[PDB]
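Here is the structure we will look at, set down as structure tokens.
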Amino acid sequence: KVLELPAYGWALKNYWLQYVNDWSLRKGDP
Amino acid sequence: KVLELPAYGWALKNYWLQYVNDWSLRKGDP
Amino acid sequence: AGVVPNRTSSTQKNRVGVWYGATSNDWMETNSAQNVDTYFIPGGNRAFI
Amino acid sequence: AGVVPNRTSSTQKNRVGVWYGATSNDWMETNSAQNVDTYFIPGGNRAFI
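Respectively, the protein sequence lines represent chains A, B, C and D.
Counted from 1, the first sequence has number 1271 at position 15 by the UniProt record's numbering; the numbering is strictly sequential.
Counted from 1, the second sequence has number 1258 at position 2 by the UniProt record's numbering; the numbering is strictly sequential.
Counted from 1, the third sequence has number 484 at position 1 by the UniProt record's numbering; the numbering is strictly sequential.
Counted from 1, the fourth sequence has number 510 at position 27 by the UniProt record's numbering; the numbering is strictly sequential.
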């Protein structure tokens, strides 16, 4: 029988590329 | 029997939103 | 193909489906996004092809 | 689910398929695009989900 054992102990790290300078508000501008 | 008649004569017109000011090369700069 | 809806059992409007293969929405990324309007999502999303 | 590949007839590696529903490419649009690099496409295209 397959019991519901706990999940794998992930070794987690943060991998992010922050969106900066609010350039989406200035699309198509000089 | 179905023949191969000329396609519909559409009244085509140009609808475009031009990409301007080369903003894709400055994705993140102030 | 000489297909007119409801002309025949196989051309009934409830028996016709559409499949499309798309892998990009460059319009939303580049052209439509220079000014977001009321038709941004209907006109840009690949769901509407 | 206790699924170990190749341990039963129904879990042979060539008999398993993957289906995913995605409707956005936000990373490609905004984050990954601030500096296009070697993993832009493999890391931003929905085909790789």
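For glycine and all other residues, C-beta sits at the position ideal for the given N, C-alpha and C.
Item	Value
Closer than 9 Å by beta-carbon distance: list the chain A residues that pair up with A530 of chain C, in chain order.	The contacting residues do not exist; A530 of chain C stays about 22 Å from chain A at best.
Using three-state DSSP, classify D509 of chain C as helix, strand or coil.	helix
Are the C-beta of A516 of chain C and some C-beta of chain A separated by less than 9 Å?	yes
Would the beta-carbon of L1273 of chain B fall within 9 Å of that of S515 of chain C?	yes
Sort D:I524, D:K496 and D:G485 by Cα distance to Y1264 of chain A and report the nearest one.	D:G485
Do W1266 of chain B and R1282 of chain A count as a contact pair if the criterion is CB distance below 9 Å?	no
Run through chain D and tell me which residues come within less than 7 Å of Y1271 of chain A, C-beta to C-beta.	Per Cβ cutoff of 7 Å: no residues; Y1271 of chain A is ~11 Å from chain D at best.
Below 8 Å on C-beta distance, what does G485 of chain D contact in chain A?	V1258
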